[PDB]
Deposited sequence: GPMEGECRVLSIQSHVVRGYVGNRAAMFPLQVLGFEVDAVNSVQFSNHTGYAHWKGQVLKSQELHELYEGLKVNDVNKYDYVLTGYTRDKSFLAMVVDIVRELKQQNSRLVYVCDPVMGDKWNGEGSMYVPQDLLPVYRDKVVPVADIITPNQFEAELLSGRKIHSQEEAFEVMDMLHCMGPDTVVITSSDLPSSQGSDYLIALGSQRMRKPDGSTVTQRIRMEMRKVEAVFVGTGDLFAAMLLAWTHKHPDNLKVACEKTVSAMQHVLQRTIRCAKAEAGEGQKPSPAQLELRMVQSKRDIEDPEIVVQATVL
C-alpha cells in the first residue's frame, strides 16, 4: 500500500545502495520500485571492483516506461550515493513531477558527499545545495555534509541545531545529523547524532522538536550504513510521522543490532587479533532480519 521509488546502486555481492535499502523496506512491509544506478561486483572499498554505471538518460527511460503504463505513482522517493550531476538533476526532475502529481509525497535524500574529505566531485555540492535539498522532505547528512550544505562549520550542539534550522529553511522539515564530532557524555567510545523535525501548526507557525542520541561506536569501517539508516528511518517515520524520537530510536537500535552482529561475525571469520577485511565486514543483513522488523530498544533519545 506504501510504495517507495528507490534510485540507488546495486552490488552483486554485499549491501550498499539498493541492496541495503530494499530488503529492510520489503521486510517492514513497503513495496519498492528499485532503479539501480550502477551494477558493480562489490563496493569500492574492496581492493578491486568491476561493473558499469547507468546513464542519466537510461534512468529517464525507465521512469518513462513506468509513466506510460501509468504506474509512476509513489508515496516516497529515496536516493543516496551519486557521483554524476546529470543523474542528480534527473532525480530532481522526477521528484518535481511526482510531487506535482501527489501533494503528500515524501522525498528522503541522503546527501552523500564526504566524511570527517570529499569523495564525490566538488561540482555536486551546488546541485545538492540549490536543487536537491530544496525538494527534499527528510535528509540524513553527517556533520561534514551539513556544514558543506549550510556554509557554516559546527563547533557545538547549539551551532549544530542552528545549522539544522538553516537546512530546514532550505526545504526539509526533518533533518537528522547521523554522525558528529561533538563530545558524548559517556566517553570517547560513544557518538552523537542529533535530530530536528519542524512540524506545522494549523497556523503558519513552526514548532521544531529537537532530539539528541548517543550510540556506541563499533570499531570498524562499514559501507552501506547510511543507505540502511535512511531506509529504516523512512519506514519508522512513516509509522511515527509526528514522533521523531521514537522513529530514530527504532532506526538506531536496528543499526546497532546489525552492526554488532556484523562485527562479531567479521572477527570470527578473520583470525583472533586480525583486522577484518572489507569482504569480511559486509553487513549481516539476512541474519538481522528480525532485528530490522522489531528491534529491541538499546538507545534512548533525549527530547530537548
item	value
Deposited positions without coordinates, collected into consecutive stretches in sequence order	1-5, 122-126
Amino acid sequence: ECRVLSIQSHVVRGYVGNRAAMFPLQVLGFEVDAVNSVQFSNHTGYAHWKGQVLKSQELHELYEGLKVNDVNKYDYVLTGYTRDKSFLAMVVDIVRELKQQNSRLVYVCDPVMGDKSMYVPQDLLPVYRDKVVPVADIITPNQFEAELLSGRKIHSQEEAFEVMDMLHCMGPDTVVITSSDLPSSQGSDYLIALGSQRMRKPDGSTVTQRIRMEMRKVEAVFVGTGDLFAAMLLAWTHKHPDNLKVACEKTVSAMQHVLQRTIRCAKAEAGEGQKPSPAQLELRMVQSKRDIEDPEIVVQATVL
From here on, numbers count along this sequence of modelled residues.
{"query": "Selected stretch [higher average CA B-factor]: 184-192 or 122-130", "finding": "184-192"}
{"query": "Of 291-299 and 12-20, the stretch whose C-alpha atoms average the higher B-factor in the entry", "finding": "291-299"}
{"query": "Selection by C-alpha B-factor (highest) of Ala220, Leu234, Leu88, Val175", "finding": "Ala220"}
{"query": "Selection by C-alpha B-factor (highest) of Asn72, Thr140, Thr206, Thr79", "finding": "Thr206"}
{"query": "Third of chain Cα B-factors occupied by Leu105", "finding": "middle"}
{"query": "Chain-relative CA temperature factor third for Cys2", "finding": "middle"}
{"query": "Assigned third (lowest, middle, highest) for the C-alpha B factor of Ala136", "finding": "lowest"}
{"query": "Third of the chain, ranked by Cα B-factor, where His168 sits", "finding": "lowest"}
{"query": "Third of the chain's Cα B-factor distribution that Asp242 belongs to, per the entry", "finding": "highest"}
